[PDB]
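See structure below.
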Amino acid sequence: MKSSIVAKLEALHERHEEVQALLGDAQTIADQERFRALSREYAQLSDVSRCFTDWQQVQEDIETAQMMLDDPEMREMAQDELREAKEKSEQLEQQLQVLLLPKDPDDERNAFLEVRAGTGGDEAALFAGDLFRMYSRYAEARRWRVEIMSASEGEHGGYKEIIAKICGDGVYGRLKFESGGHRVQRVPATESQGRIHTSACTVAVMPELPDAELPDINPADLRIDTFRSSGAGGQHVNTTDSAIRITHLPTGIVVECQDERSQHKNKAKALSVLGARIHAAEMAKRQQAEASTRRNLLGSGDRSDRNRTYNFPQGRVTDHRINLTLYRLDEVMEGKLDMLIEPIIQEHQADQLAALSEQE
RNA sequence: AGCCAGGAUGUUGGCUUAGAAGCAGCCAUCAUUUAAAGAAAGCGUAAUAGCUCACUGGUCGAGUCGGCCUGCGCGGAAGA
RNA sequence: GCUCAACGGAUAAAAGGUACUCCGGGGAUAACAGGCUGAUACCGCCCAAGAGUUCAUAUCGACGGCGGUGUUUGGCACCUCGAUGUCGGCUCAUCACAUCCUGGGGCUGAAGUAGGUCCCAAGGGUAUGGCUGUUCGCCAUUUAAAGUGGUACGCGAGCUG
RNA sequence: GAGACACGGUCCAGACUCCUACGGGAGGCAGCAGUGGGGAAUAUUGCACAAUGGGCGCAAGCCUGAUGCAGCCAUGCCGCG
RNA sequence: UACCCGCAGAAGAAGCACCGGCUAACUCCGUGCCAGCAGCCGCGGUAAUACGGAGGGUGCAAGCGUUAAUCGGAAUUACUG
RNA sequence: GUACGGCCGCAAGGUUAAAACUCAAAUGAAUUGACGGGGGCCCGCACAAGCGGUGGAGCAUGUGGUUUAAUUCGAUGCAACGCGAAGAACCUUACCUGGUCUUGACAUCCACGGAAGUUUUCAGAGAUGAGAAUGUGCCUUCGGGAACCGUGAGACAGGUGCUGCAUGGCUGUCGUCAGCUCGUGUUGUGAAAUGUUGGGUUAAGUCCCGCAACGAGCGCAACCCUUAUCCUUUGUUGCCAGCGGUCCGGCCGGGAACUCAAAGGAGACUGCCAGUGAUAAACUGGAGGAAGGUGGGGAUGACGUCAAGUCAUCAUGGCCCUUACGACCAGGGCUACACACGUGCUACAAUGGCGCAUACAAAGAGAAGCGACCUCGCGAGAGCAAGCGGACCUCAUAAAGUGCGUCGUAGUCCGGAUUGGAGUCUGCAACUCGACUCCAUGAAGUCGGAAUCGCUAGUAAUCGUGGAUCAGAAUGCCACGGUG
RNA sequence: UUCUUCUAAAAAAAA
RNA sequence: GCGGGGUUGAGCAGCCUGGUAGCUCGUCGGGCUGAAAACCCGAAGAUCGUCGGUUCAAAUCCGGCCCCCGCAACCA
């Protein structure tokens, strides 16, 4: 919302002033660690605050211009000044958008988009198909490639769950805000009595994490131990050690092998099992982390968990995280997501700056 | 080889950095005062800075420096 | 006229078990232990890209290189098959230093306390229990410390089974 | 002791609190206020024996946190503004 | 002390719950199955007399609502029944 | 009727018998509908018997999807898909990109200055910026009076923006199916029932009889339009039976009979007869009659159903924009194209193609219009040009048919798609994106899978003609006749 | 002779 | 160490004596149903695990390799 963003920018301006004063004080540089972050804070804050201050002057200029138009018969000059002011206001807002554009390297990474049906059943499945088409057309518009990793089709059409990988530039940055539940208010195709039914769908956007690497076991890291094997076998089994226990000291994993009579074969088998166990532990840790992140991002599937609502009879799209209602639903359905995505990016960056200001 | 003095300049070279000045790092590494002085070899700072220093002059006034073909030696060299 | 193919062809005609075994031999030939060697094992050293905010060498050290010991698993079959008893435990030890503690010292990314690493030094000391036949290992609680090894992986004409 | 197996009487054992010269002692608010604690929650460490009543005394009189009052609380009932 | 007489001045003295039906008392604006209400039936999903605020109204009044607990309604342990 | 506990049993288990938690209901009988792969009776191209198609091919048109700056919006089972659109070059146009305006393109009111009106001039794609000639139609205490412009301020205008799930009006649909109700009375505590059911009958809840029902209303039939027969009035621009003439042409004197043109009337009502039937309603058959039981066709659509369709015909409550979601102009888009579907046109051929000769229509339209005749062009058409506001003149010679000739089962003398060259007409302007003509070119197609549609008589099938829309632009739509 | 299934939001009056 | 295997998206035939790729389920487009299944019609698909070698020609033949499935890894 415009009022909310202007309010945040004002608070940032106050923060910027406080940072300049704190920098001037020299107590922070004595601290050193405090000054370094504060100086970065100032760097990011100064450009946006300067732009905002200029915008503030422009808004004041518009108020005075309207007043000038009403009384001294200076209406013609005021109308031109006001018109110029409007042009300036629009240009400053585009500049603000540029200043608040995300600079994070992580944002550029490609992403996996999973759309799953929630409440509504086949209806929700159809909406999932609509959402997938929406995002696909948006990706196509911005020159991205969509690969359908997995698909589970609905009975009456649509997809019960479709997982796709989108590869491009700035995919994660552009699409991170879509995650969460999405509510669709419409008259279902499956319906025969013309009733309107509120249904919900859960979307998860996950960034493509760096490719898994299996590090080769380091000899110094391993602590091989040779000991006598248990069981039958006579003099040879008693004198020859024939059993190897390798403990990986960083991960604290112990593998014991006494199968073959040869120590070399026992050691080889133990090394293989140890490598598999480390690879399994890493893989499991990744799955647990991936599952937890997905679990948090995805909603419960109920109508209550929402981040966007699409009302089809009245053609209205509403964003719940930051207030914004748009009476469209056709342009947005046919790609053109930028109008919705951008205010969220700008607000998120402002929130991030505020969080950075508050970190101690 | 010691001793004494210097080793300034444009400019804090250009970047990017929250700072980058010789030093986190990427490219040049030019030019002047010309008895020489380095877009600087490092220490060092939180960056500058400060110190040693690549090079220039008196001093004592006889050799000095590191490569080649070779003989013989030193360390590397710890067990019941 | 024979895939008599085990191809100078034992017959035209034939598979297994022995820990219930047994005889004649071989250390001509294996398992234990000893011997030679050292691939493998363990411990060092040479060059220094890099980790260490800057800085290779405080501490580590990639890609590669050269050794020492006999020390794990081996390679060979030189000793023994007209008998060289073998894993672990108990009792009793003795030696080496590549030192676990105490002693002396250099550097430290050593403020102090407490540490890291290396050099010198074997005079003395170097746990008790739970689990398993266990060596090894994990765990509980101490200790200045709970060393690594050699001695037929010491020791059954001393004990166990 | 007429009446107790006796709240402010005796003895023993147990838990707790306090004094100690370490040998040994003292105590029991479920009396009136009152303090920590528990709980959603419940009051003042007040005045007087002037009246009623109890104990002693021949009586005057003394004692009575019983009792009569006062302080806090809209806790309830009733009346008025 | 109760009580009585005189002095100045309308000053020093009104709040709580509810209004879709049960249940007496209705409209407007913000929000769009969100925030929320609720003792039961049940409201709210961008025209809410049911949420929140305002105006108006209804019931009580130094009190007003909510909660806990018992009986009634419950002839829903019935002897009456 | 489960867990735990007790008792019984060889076991399966039996018997006695809770609690926590959860919901504001669970249940019984009966009533009105709806449904049954329940029963009985009846109807409709619903099935059966046939004819011709669609799905296969090319093209026209509409939709979904996709592409795009936009491919404008709406409809989407029957009841959307040759649908709104009864006609997209600009216009329409609501969409896109640019160039422009802010009391405005379109209304009312106020103030000021000009009558309006008229031709030209440069810049710009144009929208609108600049520039010269003209004038006065109204009354007169003639500071004024009507329109029609320009400037300023406002109240206001403006919206094909959203909500048909807030609506009016209008329409589809079950379905022209025969049903849907009410007043009073009665039965049941009551929702309800009866009437409206039953026996016959009908196309029909049409009619009769019976009957706790008696009546009434909206509907199912009739009254309305058209067609079929006859009579009276009227005979021109319509007709020619009898005559007189003819350039042989109803053409000209004429004639009012006939076709035909309208106006009025007659006629078809189970009216008559026989049989069946309940002495009824009614049904079957024939006599006359052009027509027999509703003679054929149409208009006519009950209470209601689908929150069906339309806020984009219009009107309208509320929400949204007011230097723009309003307004003007040029150019583009609605005509895009890997694909899928709906409705058609032309075909795959001999019941035919081509060439010549020849016969018979109906119903319409026409003044910014239909346009004879003659001349030119192979042709679409062009020039001159009478007649006609139309029973007169024009569109306009109907085609299939018939007679003759050729083709001889072939991707063909079938079929015309596609493409190149040259033109005509409309319109400021045929590139995207019109219709038609000439020459050349001659794809697929040899009767079509699963499936599916229309039709019971002048119907299906087939062949042409006209009209609305319209400056031009139909294979669609609405009518008309020929064979059948 | 066989012939299964259709989730999840509606609104209806008060002499 | 030894036998067998790798074939359209999945499970599997046939690799035959080296010139030649098949089935079921699945997939795509129509049809039925008001709609989704089931059903009907018409289609499509592979560099036969990897790399060298002998042929005119290798999925087939040879050799090496990777993965999968069995068998064995015993006397001390």
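Protein chains get the first letters and strands the later ones, always in sequence-line order, with residue 1 at the start of each.
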With the criterion being N/O to N/O and under 3.5 Å, what pairs connect the protein with nucleotides 316-323 of chain F, and how long is each?
from     : atom 1 : to     : atom 2 : distance (Å)
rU323(F) : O2'    : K86(A) : NZ     : 2.4

Check your understanding: Looking at the six-ring of each base, are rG442(F) and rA443(F) less than 5.5 angstrom apart at the centres and less than 30 degrees apart in plane?
Key -> no

Review point. Between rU100(F) and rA266(F), is there Watson-Crick or G-U wobble pairing, both distances under 3.5 Å?
Key: no

**Study point:** side chain to side chain contact (heavy atoms under 4.5 Å, CB included) partners of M283(A), counting only residues at least two apart
**Key:** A212(A), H279(A), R286(A)

Review point. Now, which nucleotide makes the Watson-Crick or G-U wobble pair with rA347(F), with each of the two distances under 3.5 Å?
Key: none

Exercise for review: When you get a sec, tell me which of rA153(F), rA8(G), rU46(E) is the closest nucleotide to the side chain of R75(A)?
Suggested key: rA153(F)

Point to revise | Opposite nucleotide pairing with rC22(E), Watson-Crick or G-U, both atom distances under 3.5 Å | key: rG39(E)

**Study point:** N or O in side chain of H156(A) less than 4.0 angstrom from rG34(H) OP1/OP2
**Key:** no

**Study point:** Nucleotide paired to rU12(B) in any strand shown, Watson-Crick or G-U, under 3.5 Å
**Key:** none

Check your understanding: Considering only side-chain heavy atoms of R223(A), which listed nucleotide, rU46(E), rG137(C), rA8(G), is closest?
Key -> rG137(C)

Point to revise | Residue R303(A), side-chain atoms from C-beta onward, closest of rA307(F), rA8(G), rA31(C) | key: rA8(G)

Practice item. Report yes or no: do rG55(F) and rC376(F) constitute a Watson-Crick or wobble pair with both atom distances shorter than 3.5 Å? Key: no

Review point. Got a sec? Which of residues 37-58 of chain A come in under 4.0 Å of RNA chain F, heavy atoms?
Key: none

Check your understanding: Does a nitrogen or oxygen in the side chain of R228(A) sit under 4.0 Å from OP1 or OP2 of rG88(C)?
Key -> yes

Review point. Given that both distances must come in under 3.5 Å, which nucleotide forms a Watson-Crick or G-U wobble pair with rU94(C)?
Key: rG150(C)

